[PDB]
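Chains as they are written, first to last, in our numbering: chain L, 27 to 318; chain F, 105 to 181; chain W, 19 to 111; chain R, 103 to 150; chain V, 6 to 1119; chain S, 28 to 76; chain Y, 13 to 61.
Every residue, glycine too, gets a C-beta built ideally from N, C-alpha and C.
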DNA sequence: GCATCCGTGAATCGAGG
DNA sequence: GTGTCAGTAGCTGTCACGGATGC
RNA sequence: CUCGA
């Protein structure tokens, strides 16, 4: 195990001296932002407190070196600088963490990356997306398997730029800038134009938890009155979705390629069977099997 | 008082660039409706480079801006 | 399109090569003028200008001065976006 | 058994059952008592 | 008759058992606690009649523990006493309006005693603004009603634990002596058969180090603990010996880095455990320890401190427990069993209520002031010092503010409906300071314990991550001054039930045997059957002879919560659906008009009244003048009291609190009668929902698994309509370039959108407003250096920007109220604010597709279709049903309640008449005579674990009244014949038809719908915001990304994680390409990944992106 | 371990006071351990992924 | 090292990476998902791309 | 050479305050 | 400029598991 | 913090 470490420095041609720092970097300000509160007071990122404590101890070390303080003070100060840089990089790693106000451990740089709230899992493996919505789901028995019903208001916001384009085309609005105001004021024209926009434009329905891939399926959207999403009764099984308050999210594929992927790969009619077992899922399940 | 990473503070939020982008998309549509010289002047004291007078500047600026206002209001701005 | 992503130990020289200047003073900002203190954790000479093309001393507030290093405050004149990528550094005694 | 058994299997842990196995094919040597259990195998071909 | 005490509607009960004690004040938990805190006359009288000797008010306790205050010499002294309160600063509603805190000034009497002069100056000192508890048990902090939740904490005392080693598979034992305050001390027996002690978390010292520090000789130690080889081995394996040696050995482990003086250690080792300064067991702690060790069992609770005797007897207890002993008598003490303690048992799990939680914060503030006083004494002169110069009340007010404002226990009151508030005030939380962390709560703290019987409810508890950590107080439960939860029991003398009721704690109850409430009893008191069901110590249930019963339960519903007791036929529902029902009753939305349920349980009356959201008459009299605004009562003696109604007030949760008078002009009303009821109330009973005509059948798949079908009647007649009120708020501050001004004159805004505004830019009262409309016109001056080049050009080719208060998306209603505060007009605003406007918008929400309904048995669903009144399957006489429940989602859940509830429901709507001729039928022999005849729309009660039996219900279905035409529509099975309103043909089979109580839960699509094209982006990560309120987007999580990768939709994944999120340039070009009609461009790089790189650099990691050639690219 | 005393009553007959209380042990621990089971399952899932 | 740092033991992986001076050949689903390249699967493989 | 103790990990999305 | 005693709160009510850490 | 599937 020691060789595993030493041979690294040997081959790669990087010096082990790197493990001891002569200079520490300062992260750009926008990543340690300082915001103002509605009461006139200020709130600041924890990194600022940590960097500040380190700077204080470093400048005090400069003072002590210049003033020829007793060796005890210089050494006992260098130790504090060590502890402070340790805290900057991975607070709490060694011993007791640096308590903030309220005996709360301050977040370190390496705390910006670990776990669910870390950069990796929170902001890289999964982002938040434009052109998306969510609402309560309702069973729509008259729907076909490839169809789903979404509220008019939802689709108007989702297809907002498309509606502006078509409105300015058919001269319902003078310029695109005015088309936007039309959509935001919800003038009655859009509802006849919106139908043209949503025509055969598939959308993706997701219900968390997204256990297997059939937890996300594609549908042809149908404008419905009301404010709930109408879901086909057969896909319930796939989504493991009852109707006792369950909510679903809708995503609008934009690029031609996204539309093609949804239309071919993810359409609910092209995903009847269970990828785990090969047995069918969108089949008569409850009331249906009883009637039959 | 507070800390940003403290659970109880808002988030520096930046607006959605919709308007600015639509404005520039119009401004760019009333630039094809121009002449290359008015264009080169507007996209910039400039009288030192383009090798013309400063009254020629003042004017070209003047008439060009009026052509721009004409086009814009033609579109209904 | 870029093939590989390399990672390795940062030499002191690399740390200094990144930084646009040393953070000497421990101050943050002024709580009245909202201006960042010079050579502090928000020094505009180091990390960048608070607003676009606006230097600290106020001599260059216009877009005409693109790339001028102000002589009275030492701030460069580009977009505030650079306050999201310019590194600082502390030189340890 | 149970879900912890699935974890035991997928993490290649030293299981709970820790059942032994015949390292060489041969004749069984049941030497059961009550104090303890000791079992030997006589290799069906050569071996020890 | 049910609830024949206030003057309430005669609800008839199927009760077989009599109530020997009527329900106590359901709000006593908060009330008595606070009254004890401030020592009100009511509390002192309650304690005087309870037999208490020298009772102490909370403030009095703090001031006595503090008094007196002396410096190191003792030449100066300061003492406090007699805390009193002036009148309240401002009334409750005014505080809510003006965003201040409800409080009263607290005065004490402090006096300064001078020893070097022999003269004392005693004066009154103002201590601070003391927050006061409303009559409804709530506090008011900065204009918001809050509730302080009772906390379940481990009781102080001595506890023993038997742990099992993982590796050596031997039984080890430990002990913890937990004080009410001070350092902790835990003994243990490691796996080497040696005894050790850890002092304040510090290193594990040998258990003989402590004895040596105390002056005990090693030979005397061998004398006491010689019967155990483990203690001999400890004294042998010991390192240092000597009284002055182990003392310093403790000192250098407890407070390292200091010179060790013999006296400097002798001082703290006595102060940390035997001086009342830095160590104190409350009276309860002393009592608990005195029992567990069996010493001082006769002494009055006066020693608030630990004694050496206690430690010696404790180590004896431990060492004996380790080696199998089962009995011990301390030298000079009573015999006591040797056992481990549960720490989940409600005799060891204490409950500290408001009073105590507040006393602790006051204590902290007071000690913080005490230190400042001791410093200020040795500073100022010793002749011009007054209590006023010594006292710095800053830390005390800061302490109470820090508690109320910031604490897990100071909770924003649940105010959906009165029952929600009541339950919230009767909550028992395990989380919080001194209790435990959520990450430190196993499957054992959370599950029901046999000691919760009659004390905490085993039903009402969240099902989320807080399950078991938050209970509700049982109905008849009360709190004793020590903190444990007492419950009442009827004393059984000689197989004879007595009306004598005694309250017992958990450990007190375990020392007897109690019989289940529903035991057959003689009219005199003797038990009919010799064997009776009985609960026994350690939660053991078994039969026992009648001559063995000591006590018995008060009422059958003794174990359940207020909410739980409101579930009819609860005894037929499974704990899961019953939990859901009790939890969803608290999510009921107050309806425009409220109907009490046909089928009740008796708890509705007292729930409503005790909840405090109704108006009860304090004193008897007559109604002089009644208006929709107020009600004046002319008492008999001659005085008048006027109750003002709260009309269209915004609840904490946007539900509408609106009280209406019940009595009329010139009506005689008795004391305690409800003269006006509020939301979810009808003649003083909890009306959380409506009585709906239900048909249990599948209907064309619109009610497929748990969806619900409703008759548009409920829309037309506003049967499930409810009011919701939103508060909108804007301010005008001082900016760097000027000051924001609220003005009707807004740049580039037509006169048509500004048509509804007054001269100030404020919307006018009564105006209907859609989402996006202007409410308050505020413009803020923007500087020139902040303008886009295209913006500056558009300004040149043609200085304030628009910051008006617009209506958020999805909101709409009538503007009912405005409130304006101006720094110019005396109104005190935060520094830098010149004006503030609050606009109140009320929406009248009819029942919509997707709104969530539910019953009382955890039977929940959403509205999947609202059919026209003619489509609904209608009964024989043409009356169409209202709601259609799918059958399939009924027998799986095991909520037979609704079934029963349904049947009785019908019986109550039509009435019945039992055949009295030829005697009383054999099924109704047990029914009270009041139930053999009933008029239609009659009110009834099914008390929990009592009430209607299935046989009696069968009979009642047999004798249901006919309709107006003389026809009986439902069969004795409970089913009736229905006609398909769509085709006309009657349905082939009979269907279960009845009446069920359905509640409108607070999960409406009008709130839960959301959608976003674009909008705000977090500055640091550049990813869209979260939440509907911030107009955010939905999160495409890791699992959903796995779903994408599974399908192989590569381009969709990329598009989701780039142009649709944090591709700064890509998202803009996508918007441009959509409005242009061009194709979607090629996604760029996510800014979040740039952030990752810069962070990895901030950790001295040199990350570089290389191209295919090998050159680092920037 | 199973209680040496059963729940004799059915939901159609009507549980006794103590019958409901003794049912709640199992019901509540069912909900609790189901939460825990889902947690462990999801973690195993992401590992397998 | 990017695929491993995003899984578990982020710090313990990044230290090893910086020591061994590891290079990540950006050719994996997790990694391309992180940086926003088309995943080398389904419609992203070279045959169909 | 081995027991202790350190560090790692522990479901998904969503609402309001 | 500083000068007699002048001394945390809080807390253990999680657990399985592997392997470096340490006697 | 409280809550919904």
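- Query: Whole beta strand (DSSP E) runs in the segment 395-441 of chain V with 3 or more residues, listed along the chain?
  - Reply: Whole beta strand (DSSP E) segments, 3+ residues: 415-417, 432-434.
- Message: Quick check on residue 520 (chain V): does DSSP put it in helix, strand or coil?
- Response: The count along the fifth chain starts at 1 and reaches residue 520 (chain V) at position 515. In the three-state DSSP reduction, residue 520 (chain V) falls in the strand class (E or B).
- Task: Would you check if the distance between the CB atom of residue 293 (chain L) and the CB atom of residue 172 (chain L) is smaller than 8 Å?
- Result: The residue given as residue 293 (chain L) occupies position 267 in the first chain. The residue given as residue 172 (chain L) occupies position 146 in the first chain. Yes, these two residues count as a Cβ contact at 8 Å.
- With respect to the alpha helix (DSSP H) encompassing residue 273 (chain V), which residues constitute its N-terminal and C-terminal limits? Translated into the one-based positions of the fifth chain, residue 273 (chain V) becomes position 268. Here the alpha helix (DSSP H) through residue 273 (chain V) covers 267-276.
- Task: Please compile the residues from chain F whose C-beta is within a distance smaller than 9 Å of the C-beta of residue 1024 (chain V).
- Result: Translated into positions along the fifth chain, residue 1024 (chain V) becomes position 1019. The answer, in chain order, is 115, 116, 117, 118.
- Message: So residue 60 (chain W) contacts chain L; which residues on that side make the cut at Cβ distance below 7 Å?
- Response: Within the third chain, numbered from 1, the residue matching residue 60 (chain W) stands at position 42. Here the neighbours are 55.
- Query: Can you give the beta carbon distance from residue 232 (chain L) to residue 1060 (chain V), rounded, assuming they're within the 8 Å contact cut?
  - Reply: Here residue 232 (chain L) refers to the residue found at position 206 when the first chain is read from its first residue. Here residue 1060 (chain V) refers to the residue found at position 1055 when the fifth chain is read from its first residue. The pair is not a contact, with the Cβ atoms about 15 Å apart (cut-off 8 Å).
- Do you know offhand how far residue 43 (chain W)'s Cα is from residue 113 (chain L)'s? Here residue 43 (chain W) refers to the residue found at position 25 when the third chain is read from its first residue. Here residue 113 (chain L) refers to the residue found at position 87 when the first chain is read from its first residue. Computed Cα separation, rounded: 20 Å.
- What residues from the segment 17-28 of chain Y come within 8 Å of chain W, judged by C-beta to C-beta, listed N to C? Those residues of the segment 17-28 of chain Y that come within reach of chain W (Cβ to Cβ, closer than 8 Å) are 26.
- Message: Using a Cβ distance threshold of 8 Å, determine whether the segment 813-820 of chain V contacts the segment 843-851 of chain V, with at least three qualifying pairs required.
- Response: Yes: at least three Cβ pairs fall under 8 Å.
- Message: Strictly below 9 Å CB to CB, what residues from chain S border residue 950 (chain V)?
- Response: The sequence position of residue 950 (chain V) within the fifth chain is 945, counting from 1. Those are 41, 42, 43, 44, 47, listed as they occur along chain S.
- Message: Quick check: what's the CA-CA separation for residue 333 (chain L) versus residue 1042 (chain V)?
- Response: No answer is possible for residue 333 (chain L): it lies beyond the span of chain L, which begins at 27 and ends at 318.
- Tell me, which residues are paired with residue 1015 (chain V) by DSSP? Taking the first residue of the fifth chain as position 1, residue 1015 (chain V) is located at position 1010. Under DSSP, the beta-bridge partners assigned to residue 1015 (chain V) are L:160.
- Query: To which residues of the same chain is residue 40 (chain Y) closer than 6 Å at the C-beta, ignoring the five residues directly before and after it?
  - Reply: Taking the first residue of the seventh chain as 1, we reach residue 40 (chain Y) at position 28. Cβ within range, chain order: 15.
- Item | residue 1086 (chain V) (DSSP reduced to helix, strand or coil) | Here the question's residue 1086 (chain V) lines up with position 1081 in the fifth chain. In the displayed model, residue 1086 (chain V) falls within coil according to three-state DSSP, outside both helix and strand.
- Query: For a contact meaning CB atoms closer than 7 Å, what does residue 72 (chain L) contact in chain F?
  - Reply: Here residue 72 (chain L) refers to the residue found at position 46 of the first chain. Simply 107, 109.
- Item | Cβ neighbour criterion (16 or more within 10 Å) applied to residue 139 (chain R) | Reading the fourth chain from its first residue, position 37 is the one you call residue 139 (chain R). Residue 139 (chain R) comes out exposed.
- Message: Let me make sure I understand the geometry here. Which of V:178, V:188, V:801 has the alpha-carbon closest to that of residue 194 (chain V)?
- Response: In the fifth chain, the residue the question calls residue 194 (chain V) occupies position 189. It is V:178 whose Cα lies nearest to the Cα of residue 194 (chain V).
- Message: Against residue 34 (chain W), what residues of chain L qualify as contacts under a CB-to-CB distance less than 8 Å, listed in chain order?
- Response: By 1-based counting over the third chain, the position of residue 34 (chain W) is 16. Under the 8 Å cutoff, chain L gives 49.
- What residues in the segment 50-76 of chain S have a beta carbon less than 9 Å from any beta carbon of chain R? Listed by position along the chain: 64, 67, 68, 71, 74, 75.
- Message: Any beta carbon of chain V sitting closer than 8 Å to that of residue 148 (chain F)?
- Response: Residue numbering aside, residue 148 (chain F) sits at position 44 when the second chain is read from its first letter. No - not a single Cβ of chain V is within 8 Å of the one on residue 148 (chain F).
- Task: To the nearest angstrom, report how far apart residue 13 (chain V) and residue 50 (chain V) are at their CA atoms.
- Result: Numbered from 1 along the fifth chain, position 8 holds the residue referred to as residue 13 (chain V). Numbered from 1 along the fifth chain, position 45 holds the residue referred to as residue 50 (chain V). Taking the Cα positions, residue 13 (chain V) is about 30 Å away from residue 50 (chain V).
- Query: Is the number of C-beta pairs between the segment 414-431 of chain V and the segment 134-150 of chain V that are closer than 8 Å three or more?
  - Reply: The segment 414-431 of chain V vs the segment 134-150 of chain V: in contact.
- Query: For residue 380 (chain V), does the three-state DSSP call read helix, strand or coil?
  - Reply: For the purposes of this step, residue 380 (chain V) is identified with residue 375 of the fifth chain, where counting begins at 1. When DSSP states are grouped into helix, strand and coil, residue 380 (chain V) belongs to the helix group.
- Query: Under a CB-based cut-off of 8 Å, is residue 138 (chain V) close to chain S?
  - Reply: Stepping through the fifth chain from its first residue, residue 138 (chain V) is reached at position 133. Chain S has no Cβ within less than 8 Å of the Cβ of residue 138 (chain V).
- Query: Which whole-angstrom value describes the C-beta separation of residue 159 (chain L) and residue 836 (chain V), a residue pair presumed to lie in contact below a C-beta threshold of 8 Å?
  - Reply: Position 133 of the first chain, counted from the start, is the residue given in the question as residue 159 (chain L). Position 831 of the fifth chain, counted from the start, is the residue given in the question as residue 836 (chain V). Actually they do not touch by this definition, with Cβ atoms about 41 Å apart.
- Name the residues in the segment 1034-1067 of chain V whose C-beta lies less than 8 Å from a C-beta of chain Y; which are they? 1046, 1050, 1052, 1053, 1054, 1055, 1056, 1058, 1059, 1062, 1063: these are the residues of the segment 1034-1067 of chain V whose beta carbon lies less than 8 Å from some beta carbon of chain Y, given in chain order.
- Message: When you compare the CB of residue 38 (chain S) with every CB in chain V, is at least one pair closer than 8 Å?
- Response: Here residue 38 (chain S) refers to the residue found at position 11 when the sixth chain is read from its first residue. Answer yes: the Cβ-Cβ gap between residue 38 (chain S) and chain V drops below 8 Å somewhere.
- Beta-ladder partner(s) of residue 558 (chain V), from DSSP: Taking the first residue of the fifth chain as 1, we reach residue 558 (chain V) at position 553. V:494, per the DSSP bridge assignment.
- Going along the chain, which residues of the segment 142-156 of chain L sit with their C-beta nearer than 8 Å to a C-beta in chain Y? The residues in question are 144, 146, 147, 150, 151.
- Task: Kindly list the residues whose CB is nearer than 6 Å to the CB of residue 169 (chain F), restricted to its own chain and excluding five residues on each side of it in sequence; keep chain order.
- Result: In the second chain, counting from the first residue as 1, residue 169 (chain F) sits at position 65. In its chain, beyond the 5 residues on either side, no residue has a beta carbon closer than 6 Å to the beta carbon of residue 169 (chain F).
- Query: What residues from chain S crowd round residue 561 (chain V), counting only those whose CB sits closer than 7 Å?
  - Reply: Here residue 561 (chain V) corresponds to residue number 556 of the fifth chain, with the count starting at 1. The CB of residue 561 (chain V) comes closer than 7 Å to the CB of 44 in chain S, given here in chain order.
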